[PDB]
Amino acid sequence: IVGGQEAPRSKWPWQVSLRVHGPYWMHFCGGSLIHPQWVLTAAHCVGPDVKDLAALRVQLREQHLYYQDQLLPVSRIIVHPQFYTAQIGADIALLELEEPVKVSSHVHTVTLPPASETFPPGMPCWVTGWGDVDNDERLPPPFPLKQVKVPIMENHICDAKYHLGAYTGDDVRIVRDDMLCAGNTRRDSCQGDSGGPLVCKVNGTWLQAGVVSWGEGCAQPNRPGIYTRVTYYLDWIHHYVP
């Protein structure tokens, strides 16, 4: 997370950390709890190549990475079948936990948006994670969960931005309809936040608008952060999640 601050302990009870086996179980992506047994994340965190489930664990909301881990194994990794690269799209995946977790005020699910919600510029939205705090700058110990409020940019304006300083013809769409843009040169997600949630408060309820997906670096001019647009994948999600 670039900009913003440490999250208060009561916030973002759905945030999870994805861990890969090594000298220690290291954080490499975010996710969100959408059902007591299911985690939503980015396909690029776990694909397109099939990896060994044994080498993956999920950590539910904690204030600091690593201190008091309770790591959870995964029974299934379901990756959207359209996925092969983040720039193309369908950058979305589901992890089924081996057990359903218990929920409380401290750890619970996020609400998914209705098919119709567009998330227009000016909506209050936050992205959260334990990712880089600037380009090639990791989150320092003790690894607090960070949050930042990010401004939504309409897709067409984001797409135009992405064409500035680029050779790509204006009619070749880079920022696609199944994607969403947010952030600026002071506020953004970054490497290590991938797969985590962008949430917007709508009529008093937090809805997950986006999954952290890609962008050119972090907080760079004319290069807002790009998120998988959750509304586009609701039917797919509901094929697996009760």
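We number the residues from 1 along the sequence you see. Whichever C-alpha set is largest while still superposing within 1.5 Å between the two forms counts as the rigid core.
In summary, of the stretches 120-128 and 133-141, 120-128 shows the greater Cα distance from the shown form in 8 other deposited structures of this protein, with structures fitted on the rigid core. Just going by the entry, 203-211 versus 43-51 on mean CA temperature factor gives the higher value to 203-211. Taking the mean C-alpha B-factor of each stretch as recorded, 26-34 and 59-67 are not equal, and the higher mean is that of 59-67. Across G89, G122, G169, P81, the entry's maximum B-factor at the CA atom is seen for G122. The PDB entry assigns the greatest CA B-factor among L97, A93, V110, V103 to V103. For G129, the recorded CA temperature factor ranks within the lowest third of the chain's modelled residues.
When all modelled residues of the chain are sorted by CA temperature factor, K11 is found within the highest third.
In the deposited entry, the Cα temperature factor of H21 places it in the highest third of its chain's modelled residues. Among the modelled residues of its chain, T85 has a C-alpha B-factor that falls in the lowest third according to the deposited record. Split the chain's modelled residues into thirds by C-alpha temperature factor. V2 is in the middle one.
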